[PDB]
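Participant: Handing you a structure now.
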Amino acid sequence: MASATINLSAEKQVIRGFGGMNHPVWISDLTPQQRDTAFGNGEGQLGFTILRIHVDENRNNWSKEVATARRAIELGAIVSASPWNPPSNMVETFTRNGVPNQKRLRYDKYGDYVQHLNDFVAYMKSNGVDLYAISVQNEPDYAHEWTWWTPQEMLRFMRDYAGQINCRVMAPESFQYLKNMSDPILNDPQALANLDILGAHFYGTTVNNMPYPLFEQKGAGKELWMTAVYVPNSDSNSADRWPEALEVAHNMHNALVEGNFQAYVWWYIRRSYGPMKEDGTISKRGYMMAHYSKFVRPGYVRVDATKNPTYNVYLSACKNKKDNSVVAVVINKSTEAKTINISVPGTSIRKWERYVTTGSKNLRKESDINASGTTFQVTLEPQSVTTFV
Ligand SMILES: O[C@@H]1[C@@H](O)[C@H](O[C@@H]2CO[C@@H](O)[C@H](O)[C@H]2O)OC[C@H]1O
Ligand SMILES: O[C@@H]1[C@@H](O)[C@H](O[C@@H]2CO[C@@H](O)[C@H](O)[C@H]2O)OC[C@H]1O
């Protein structure tokens with residue numbers, strides 16, 4: 001039968017966390033109850049540890065972000081903010097690829113834009129929200145409906161201005177993790193020095209485009225965050241569809257194991273295709289996220305483990321360095337049960353608990369696994385995610 005090895009001595013990326021977006025200008029804010037469902041880690045709560053928000057172009061809208069951002073922080077989360085457009089007096093229009101009236105930040109206003117981002121940072125700080133990071137731009141390379149930045153404009157801002165931002169600087173938030181938006185920053189010593197978090201979105205991003213050798217070479221001291229996605233679609237009322245929801249778990253496994261990502265952040269938290277339904281309950285897509293978010297907590301470290309021990313079975317493992325305990329998340333996308341011997345050499349652990357989601361149950365506690373020495377034999381139900389803790 002199939003075997004996997006978890007190697008607790010081969011440490012990979014430190015986990016920062018998991019979460020999603022609030023946008024109270026475009027859609028309704030989270031309600032009081034929804035804030036707790038998202039950021040609490042009790043029964044029937046998602047255990048999210050990252051909130052993302054927008055930086056409005058009109059400072060008279062900033063007050064609308066405060067209640068949800070404050071609640072998330074109270075429940076243990078960190079908050080990152082991204083702008084879509086500068087204030088209109090800083091914007092000029094230009095023609096891009098033949099399309100007129102497109103927006104870019106006026107070059108002669110780069111310093112004024114820093115002051116706008118800093119004014120947001122200071123406004124949120126005055127209201128009890130200490131931002132973990134602020135982005136230069138949401139999707140500078142997909143800005144048909146907002147503000148475009150070329151790779152060079154992004155680079156010049158990163159090199160010449162981003163040092164003046166009073167927060168961690170996240171860039172470039174390419175819509176698809178396109179390396180042409182980030183390579184210039186990683187290759188310029190001043191820009192790289194001004195960077196703190198390499199942020200990327202995953203819209204259309206394949207497994208082969210998840211590794212990033214340049215970042216493994218140049219990225220020492222920088223974090224690596226996947227700051228927006230929905231998968232496998234944004235279809236109306238799709239969030240409970242099965243086995244489609246297993247794609248959410250698989251995308252997260254891939255982000256962690258193939259991309260070495262430290263954070264994975266959904267789009268709108270509350271939406272008919274999101275982790276929280278419009279009625280405030282958790283969706284099947286939400287339970288997929290929860291198999292990671294509720295158990296792989298911030299500061300756990302991913303470790304090397306057999307990622308794909310048999311066809312349609314995917315394994316990731318994270319270690320809590322406080323006690324060398326292990327959290328393993330195993331996805332079985334097969335329509336048949338799979339029996340695996342999981343070897344964890346040199347562990348003192350002899351018993352694992354397990355929680356299982358299928359099409360018919362959500363995070364169901366099942367019977368404990370007893371090890372024979374350092375080997376744990378596990379049977380995975382068909383079309384399931386199991387978290388072993
Ligand atoms: O003018 C604003 C639009 O730009 C906005 O459209 C959003 C663009 O980002 C997409 O990810 C959203 O799905 C889409 O709704 O909507 C509000 C409007 O004021
Ligand atoms: O809301 C937008 C998405 O609709 C957009 O979707 C991607 C566009 O490029 C395609 O190659 C991808 O398959 C698709 O996921 O991503 C950006 C986002 O703002």
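Every chain in the structure tokens takes a letter, A first, then B, and so on in the order presented; its residues are numbered from 1, and the ligands are numbered from 1 following the presented order.
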Can you tell me, as a PDB file with N, CA and C atoms, in the first residue's frame, what residues are no more than 8 Å from range 39-55 of chain A when counting only C-alpha atoms, ignoring any on the same chain fewer than 4 positions away?
Facilitator:
```
ATOM      1  N   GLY A  17      -0.986  33.117   7.695  1.00  0.00           N
ATOM      2  CA  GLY A  17      -2.401  32.820   7.864  1.00  0.00           C
ATOM      3  C   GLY A  17      -3.266  32.782   6.640  1.00  0.00           C
ATOM      4  N   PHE A  18      -4.583  32.834   6.891  1.00  0.00           N
ATOM      5  CA  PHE A  18      -5.622  32.603   5.884  1.00  0.00           C
ATOM      6  C   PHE A  18      -6.774  33.598   6.118  1.00  0.00           C
ATOM      7  N   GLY A  19      -7.438  34.048   5.058  1.00  0.00           N
ATOM      8  CA  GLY A  19      -8.603  34.911   5.274  1.00  0.00           C
ATOM      9  C   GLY A  19      -9.298  35.367   4.024  1.00  0.00           C
ATOM     10  N   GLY A  20      -9.743  36.638   4.005  1.00  0.00           N
ATOM     11  CA  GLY A  20     -10.492  37.185   2.838  1.00  0.00           C
ATOM     12  C   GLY A  20     -10.737  38.693   2.919  1.00  0.00           C
ATOM     13  N   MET A  21     -11.508  39.223   1.952  1.00  0.00           N
ATOM     14  CA  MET A  21     -11.768  40.672   1.725  1.00  0.00           C
ATOM     15  C   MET A  21     -13.081  41.171   2.316  1.00  0.00           C
ATOM     16  N   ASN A  22     -13.049  42.368   2.914  1.00  0.00           N
ATOM     17  CA  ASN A  22     -14.260  43.158   3.232  1.00  0.00           C
ATOM     18  C   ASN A  22     -14.243  44.432   2.354  1.00  0.00           C
ATOM     19  N   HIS A  23     -15.394  44.834   1.785  1.00  0.00           N
ATOM     20  CA  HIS A  23     -15.436  46.081   0.987  1.00  0.00           C
ATOM     21  C   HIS A  23     -16.778  46.795   1.188  1.00  0.00           C
ATOM     22  N   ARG A  35     -18.666  39.115  11.325  1.00  0.00           N
ATOM     23  CA  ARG A  35     -17.296  39.391  11.770  1.00  0.00           C
ATOM     24  C   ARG A  35     -16.814  38.218  12.680  1.00  0.00           C
ATOM     25  N   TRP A  62     -13.268  56.557   4.356  1.00  0.00           N
ATOM     26  CA  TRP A  62     -12.396  55.704   5.182  1.00  0.00           C
ATOM     27  C   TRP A  62     -13.039  55.169   6.468  1.00  0.00           C
ATOM     28  N   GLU A  65     -14.559  51.519   6.919  1.00  0.00           N
ATOM     29  CA  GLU A  65     -13.726  50.279   7.132  1.00  0.00           C
ATOM     30  C   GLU A  65     -13.506  49.874   8.587  1.00  0.00           C
ATOM     31  N   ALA A  69     -12.567  46.058  10.574  1.00  0.00           N
ATOM     32  CA  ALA A  69     -11.108  45.901  10.754  1.00  0.00           C
ATOM     33  C   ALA A  69     -10.749  45.803  12.253  1.00  0.00           C
ATOM     34  N   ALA A  72     -11.759  42.278  13.603  1.00  0.00           N
ATOM     35  CA  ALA A  72     -10.866  41.236  13.141  1.00  0.00           C
ATOM     36  C   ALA A  72      -9.610  41.213  13.990  1.00  0.00           C
ATOM     37  N   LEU A  75     -10.102  39.697  17.403  1.00  0.00           N
ATOM     38  CA  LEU A  75     -10.163  38.241  17.338  1.00  0.00           C
ATOM     39  C   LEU A  75      -8.848  37.562  16.910  1.00  0.00           C
ATOM     40  N   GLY A  76      -7.810  38.348  16.747  1.00  0.00           N
ATOM     41  CA  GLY A  76      -6.447  37.803  16.523  1.00  0.00           C
ATOM     42  C   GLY A  76      -5.911  37.924  15.119  1.00  0.00           C
ATOM     43  N   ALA A  77      -6.615  38.613  14.225  1.00  0.00           N
ATOM     44  CA  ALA A  77      -6.164  38.711  12.854  1.00  0.00           C
ATOM     45  C   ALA A  77      -5.183  39.845  12.629  1.00  0.00           C
ATOM     46  N   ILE A  78      -4.528  39.826  11.471  1.00  0.00           N
ATOM     47  CA  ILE A  78      -3.792  40.987  10.964  1.00  0.00           C
ATOM     48  C   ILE A  78      -4.552  41.551   9.779  1.00  0.00           C
ATOM     49  N   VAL A  79      -4.277  42.810   9.411  1.00  0.00           N
ATOM     50  CA  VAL A  79      -5.053  43.522   8.386  1.00  0.00           C
ATOM     51  C   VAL A  79      -4.053  44.103   7.356  1.00  0.00           C
ATOM     52  N   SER A  80      -4.307  43.856   6.086  1.00  0.00           N
ATOM     53  CA  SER A  80      -3.567  44.505   5.007  1.00  0.00           C
ATOM     54  C   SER A  80      -4.548  45.316   4.137  1.00  0.00           C
ATOM     55  N   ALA A  81      -4.094  46.442   3.584  1.00  0.00           N
ATOM     56  CA  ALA A  81      -4.983  47.342   2.807  1.00  0.00           C
ATOM     57  C   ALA A  81      -4.414  47.539   1.409  1.00  0.00           C
ATOM     58  N   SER A  82      -5.270  47.522   0.419  1.00  0.00           N
ATOM     59  CA  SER A  82      -4.893  47.815  -0.924  1.00  0.00           C
ATOM     60  C   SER A  82      -5.728  48.938  -1.573  1.00  0.00           C
ATOM     61  N   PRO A  83      -5.061  49.868  -2.322  1.00  0.00           N
ATOM     62  CA  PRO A  83      -5.774  50.938  -3.072  1.00  0.00           C
ATOM     63  C   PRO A  83      -6.131  50.477  -4.477  1.00  0.00           C
ATOM     64  N   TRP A  84      -7.254  50.934  -4.995  1.00  0.00           N
ATOM     65  CA  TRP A  84      -7.621  50.732  -6.396  1.00  0.00           C
ATOM     66  C   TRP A  84      -7.338  51.950  -7.282  1.00  0.00           C
ATOM     67  N   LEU A 117      -1.443  57.548   0.976  1.00  0.00           N
ATOM     68  CA  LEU A 117      -1.321  56.229   1.645  1.00  0.00           C
ATOM     69  C   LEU A 117      -0.942  56.400   3.103  1.00  0.00           C
ATOM     70  N   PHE A 120      -3.916  57.490   5.120  1.00  0.00           N
ATOM     71  CA  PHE A 120      -4.774  56.293   5.414  1.00  0.00           C
ATOM     72  C   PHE A 120      -4.220  55.461   6.549  1.00  0.00           C
ATOM     73  N   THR A 227      -2.807  37.163  -1.973  1.00  0.00           N
ATOM     74  CA  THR A 227      -3.760  38.143  -1.413  1.00  0.00           C
ATOM     75  C   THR A 227      -5.142  38.247  -2.037  1.00  0.00           C
ATOM     76  N   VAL A 265      -5.449  34.362   0.886  1.00  0.00           N
ATOM     77  CA  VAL A 265      -6.577  35.310   1.157  1.00  0.00           C
ATOM     78  C   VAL A 265      -7.583  35.276   0.012  1.00  0.00           C
ATOM     79  N   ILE A 282     -21.439  28.966   6.937  1.00  0.00           N
ATOM     80  CA  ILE A 282     -20.269  28.562   6.214  1.00  0.00           C
ATOM     81  C   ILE A 282     -20.639  27.639   5.067  1.00  0.00           C
ATOM     82  N   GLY A 286     -16.042  27.310   2.171  1.00  0.00           N
ATOM     83  CA  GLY A 286     -15.579  27.732   3.469  1.00  0.00           C
ATOM     84  C   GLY A 286     -14.989  26.616   4.329  1.00  0.00           C
ATOM     85  N   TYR A 287     -15.634  25.429   4.315  1.00  0.00           N
ATOM     86  CA  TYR A 287     -15.088  24.291   5.080  1.00  0.00           C
ATOM     87  C   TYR A 287     -13.740  23.807   4.510  1.00  0.00           C
ATOM     88  N   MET A 289     -11.501  25.824   3.231  1.00  0.00           N
ATOM     89  CA  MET A 289     -10.556  26.775   3.797  1.00  0.00           C
ATOM     90  C   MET A 289     -10.294  26.469   5.254  1.00  0.00           C
ATOM     91  N   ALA A 290     -11.365  26.121   5.964  1.00  0.00           N
ATOM     92  CA  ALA A 290     -11.295  25.831   7.380  1.00  0.00           C
ATOM     93  C   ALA A 290     -10.365  24.628   7.739  1.00  0.00           C
ATOM     94  N   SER A 293      -7.348  26.762   7.862  1.00  0.00           N
ATOM     95  CA  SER A 293      -7.342  27.963   8.705  1.00  0.00           C
ATOM     96  C   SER A 293      -7.574  27.662  10.178  1.00  0.00           C
ATOM     97  N   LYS A 294      -8.444  26.690  10.500  1.00  0.00           N
ATOM     98  CA  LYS A 294      -8.748  26.387  11.879  1.00  0.00           C
ATOM     99  C   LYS A 294      -7.645  25.626  12.627  1.00  0.00           C
ATOM    100  N   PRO A 298      -1.132  30.717  12.689  1.00  0.00           N
ATOM    101  CA  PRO A 298       0.006  31.569  12.388  1.00  0.00           C
ATOM    102  C   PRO A 298       1.224  31.176  13.275  1.00  0.00           C
TER     103      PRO A 298
END
```
Participant: Please identify all polymer residues within 8 Å of residue 246 in chain A, counting only C-alpha atoms, omitting same-chain residues fewer than 5 positions from it, and present them as a PyMOL selection string.
Facilitator: chain A and resi 285+288+333+383-385
Participant: Convert the current residue selection to file output with N, CA and C atoms, as a tab-separated table (two decimals), in the first residue's frame.
Facilitator:
```tsv
chain	number	residue	atom	x	y	z
A	285	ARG	N	-17.15	25.55	0.32
A	285	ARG	CA	-15.87	26.22	0.02
A	285	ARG	C	-15.21	26.76	1.27
A	288	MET	N	-13.60	23.90	3.21
A	288	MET	CA	-12.30	23.60	2.60
A	288	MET	C	-11.21	24.52	3.16
A	333	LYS	N	-9.20	13.21	-3.56
A	333	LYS	CA	-10.13	13.55	-4.64
A	333	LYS	C	-10.64	12.31	-5.37
A	383	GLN	N	-13.47	11.30	-1.84
A	383	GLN	CA	-13.85	12.72	-2.01
A	383	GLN	C	-13.98	13.47	-0.69
A	384	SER	N	-12.85	13.60	-0.05
A	384	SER	CA	-12.76	14.05	1.33
A	384	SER	C	-11.55	14.87	1.56
A	385	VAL	N	-11.63	15.73	2.57
A	385	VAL	CA	-10.47	16.33	3.18
A	385	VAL	C	-10.41	15.89	4.63
```
Participant: For range 143-160 of chain A, find every residue with an atom within 9 Å (counting only C-alpha atoms), except residues of its own chain fewer than 2 positions away, and show them as a ChimeraX atom specification.
Facilitator: /A:84-86,91,102-105,107,110,136-141,162-164,169,171-172,180-185,188-195
Participant: Keeping only C-alpha atoms, write those residues as an mmCIF file, in the first residue's frame.
Facilitator:
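Full text of part35.cif as output:
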```cif
data_model
loop_
_atom_site.group_PDB
_atom_site.id
_atom_site.type_symbol
_atom_site.label_atom_id
_atom_site.label_comp_id
_atom_site.auth_asym_id
_atom_site.auth_seq_id
_atom_site.Cartn_x
_atom_site.Cartn_y
_atom_site.Cartn_z
ATOM 1 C CA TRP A 84 -7.621 50.732 -6.396
ATOM 2 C CA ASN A 85 -7.244 54.404 -7.469
ATOM 3 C CA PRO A 86 -5.507 57.504 -6.202
ATOM 4 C CA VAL A 91 -4.869 60.991 -11.767
ATOM 5 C CA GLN A 102 -7.419 54.848 -18.893
ATOM 6 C CA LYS A 103 -6.122 55.937 -15.525
ATOM 7 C CA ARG A 104 -2.604 56.217 -14.231
ATOM 8 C CA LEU A 105 -1.010 58.057 -11.315
ATOM 9 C CA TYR A 107 4.364 61.003 -12.216
ATOM 10 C CA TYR A 110 4.118 60.137 -6.757
ATOM 11 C CA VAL A 136 1.049 50.165 -3.889
ATOM 12 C CA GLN A 137 -1.812 48.971 -6.104
ATOM 13 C CA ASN A 138 -4.382 46.232 -6.501
ATOM 14 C CA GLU A 139 -3.825 44.457 -9.801
ATOM 15 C CA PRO A 140 -1.734 47.129 -11.569
ATOM 16 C CA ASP A 141 -1.695 44.752 -14.585
ATOM 17 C CA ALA A 162 8.109 53.406 -1.417
ATOM 18 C CA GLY A 163 10.765 53.921 1.256
ATOM 19 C CA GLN A 164 8.639 56.889 2.495
ATOM 20 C CA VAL A 169 5.071 47.676 1.643
ATOM 21 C CA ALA A 171 3.770 44.787 -4.119
ATOM 22 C CA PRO A 172 2.904 44.235 -6.862
ATOM 23 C CA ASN A 180 7.174 40.375 -15.149
ATOM 24 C CA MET A 181 5.519 42.665 -12.546
ATOM 25 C CA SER A 182 7.738 41.426 -9.704
ATOM 26 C CA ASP A 183 11.094 40.500 -11.363
ATOM 27 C CA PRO A 184 12.144 44.248 -11.641
ATOM 28 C CA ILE A 185 11.628 44.784 -7.923
ATOM 29 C CA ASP A 188 16.908 46.192 -8.154
ATOM 30 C CA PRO A 189 18.619 46.475 -4.764
ATOM 31 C CA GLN A 190 16.841 49.725 -3.728
ATOM 32 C CA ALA A 191 13.402 48.535 -4.744
ATOM 33 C CA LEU A 192 13.968 45.129 -3.105
ATOM 34 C CA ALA A 193 15.079 46.865 0.051
ATOM 35 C CA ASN A 194 11.838 48.946 0.066
ATOM 36 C CA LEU A 195 9.716 45.813 -0.408
#
```
Participant: Around ligand 2, out to 6 Å and counting only C-alpha atoms and all ligand atoms, which residues are there? I want them as a list in words.
Facilitator: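 Based on only C-alpha atoms and all ligand atoms, ligand 2 is surrounded within 6 Å by residues 175, 203 and 204 of chain A.
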Participant: Enumerate as a PyMOL selection string all residues of range 175-382 of chain A assigned to alpha helix (DSSP H) by DSSP on the backbone, naming them with the chain letters and numbers the document uses.
Facilitator: chain A and resi 179-187+189-194+213-218+246-257+284-293
Participant: When you look at range 362-378 of chain A with a cut-off of 12 Å (counting only C-alpha atoms), what residues show up, excluding the ones that are within fewer than 6 positions of it in the same chain? I need them as a PyMOL selection string.
Facilitator: chain A and resi 1-7+43-46+240+282-292+294-295+328+330+332+337-356+384-389
Participant: Could the residues in this selection be written to a file with C-alpha atoms, as a short mmCIF file (atom, residue, chain, number, x, y, z; two decimals), in the first residue's frame?
Facilitator:
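Once everything was written out, this is part24.cif:
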```cif
data_model
loop_
_atom_site.label_atom_id
_atom_site.label_comp_id
_atom_site.auth_asym_id
_atom_site.auth_seq_id
_atom_site.Cartn_x
_atom_site.Cartn_y
_atom_site.Cartn_z
CA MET A 1 0.00 0.00 0.00
CA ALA A 2 1.02 3.61 -0.51
CA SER A 3 3.41 5.32 1.84
CA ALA A 4 4.15 8.95 2.69
CA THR A 5 6.97 10.32 4.79
CA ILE A 6 6.70 13.52 6.83
CA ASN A 7 10.18 14.94 7.58
CA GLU A 43 -17.43 25.84 16.59
CA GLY A 44 -19.00 26.94 13.31
CA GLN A 45 -16.43 29.69 12.77
CA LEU A 46 -13.82 29.88 9.99
CA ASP A 240 -21.99 24.52 -1.64
CA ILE A 282 -20.27 28.56 6.21
CA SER A 283 -20.26 27.09 2.72
CA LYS A 284 -18.56 23.90 1.47
CA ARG A 285 -15.87 26.22 0.02
CA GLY A 286 -15.58 27.73 3.47
CA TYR A 287 -15.09 24.29 5.08
CA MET A 288 -12.30 23.60 2.60
CA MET A 289 -10.56 26.77 3.80
CA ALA A 290 -11.30 25.83 7.38
CA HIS A 291 -9.36 22.50 7.09
CA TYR A 292 -6.28 24.76 6.91
CA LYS A 294 -8.75 26.39 11.88
CA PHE A 295 -5.76 24.05 12.44
CA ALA A 328 -1.32 17.07 8.26
CA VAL A 330 -4.78 15.19 3.29
CA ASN A 332 -8.55 12.52 -1.33
CA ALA A 337 -11.16 4.98 -0.35
CA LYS A 338 -7.35 5.09 -0.04
CA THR A 339 -5.18 3.42 2.65
CA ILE A 340 -1.78 5.06 3.22
CA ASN A 341 1.06 4.32 5.71
CA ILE A 342 2.25 7.77 6.91
CA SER A 343 5.77 7.49 8.36
CA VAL A 344 6.86 10.33 10.68
CA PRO A 345 10.43 9.20 11.61
CA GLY A 346 11.77 10.43 14.93
CA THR A 347 8.41 11.70 16.20
CA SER A 348 7.32 11.01 19.77
CA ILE A 349 3.64 11.45 18.67
CA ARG A 350 1.67 8.16 18.89
CA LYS A 351 -1.94 9.29 18.42
CA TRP A 352 -3.62 11.53 15.83
CA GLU A 353 -7.15 12.92 15.96
CA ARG A 354 -8.94 13.49 12.68
CA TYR A 355 -11.66 15.78 11.26
CA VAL A 356 -13.27 14.92 7.96
CA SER A 384 -12.76 14.05 1.33
CA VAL A 385 -10.47 16.33 3.18
CA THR A 386 -9.01 15.09 6.40
CA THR A 387 -7.05 17.12 8.89
CA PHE A 388 -4.93 15.03 11.29
CA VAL A 389 -3.92 16.82 14.50
#
```
Participant: My list of candidates is A:235, A:112, A:279, A:74. Which is closest to ligand 1 when distances are computed with only C-alpha atoms and all ligand atoms?
Facilitator: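 Of A:235, A:112, A:279, A:74, the one nearest ligand 1 is A:235, counting only C-alpha atoms and all ligand atoms.
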Participant: Using only C-alpha atoms and all ligand atoms for the distances, tell me which of A:252, A:131, A:224, A:229 is nearest to ligand 1.
Facilitator: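 Of the candidates, the smallest distance to ligand 1 is held by A:229.
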Participant: CA of residue 16 in chain A and CA of residue 326 in chain A, how far apart in Å?
Facilitator: 16.7 Å
Participant: Any idea what the distance is between CA of residue 272 in chain A and CA of residue 142 in chain A?
Facilitator: 23.6 Å
Participant: Between A:267, A:58, A:178, A:245, single out the one closest to ligand 1, counting only C-alpha atoms and all ligand atoms.
Facilitator: A:267
Participant: Among range 48-296 of chain A, which residues does DSSP mark as strand (DSSP E) when it is run on the backbone? Keep the chain and numbering as in the structure and answer as a VMD selection string.
Facilitator: chain A and resid 50 to 55 78 to 83 91 to 96 99 to 105 133 to 135 169 to 174 197 to 201 223 to 228 263 to 268
Participant: List the neighbours of residue 128 in chain A out to 9 Å using only C-alpha atoms; skip same-chain residues closer than 5 positions along the sequence, and give me the result as a PyMOL selection string.
Facilitator: chain A and resi 66+69-70+73
Participant: Closest to ligand 1 among A:335, A:37, A:61, A:234, using only C-alpha atoms and all ligand atoms?
Facilitator: A:234
Participant: Which residue, A:98, A:230, A:222, A:116, has the smallest gap to ligand 1 when you use only C-alpha atoms and all ligand atoms?
Facilitator: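 Closest candidate: A:230.
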Participant: Considering only C-alpha atoms, can you say which of A:280, A:243, A:232, A:299 comes closest to residue 263 in chain A?
Facilitator: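 Ranked by minimum distance to residue 263 in chain A, first place goes to A:299.
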Participant: Would you compute the distance between CA of residue 87 in chain A and atom 2 (C, counted along the ligand's line) of ligand 1? Give it in Å to one decimal.
Facilitator: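 Going from CA of residue 87 in chain A over to atom 2 (C, counted along the ligand's line) of ligand 1 covers 14.7 Å.
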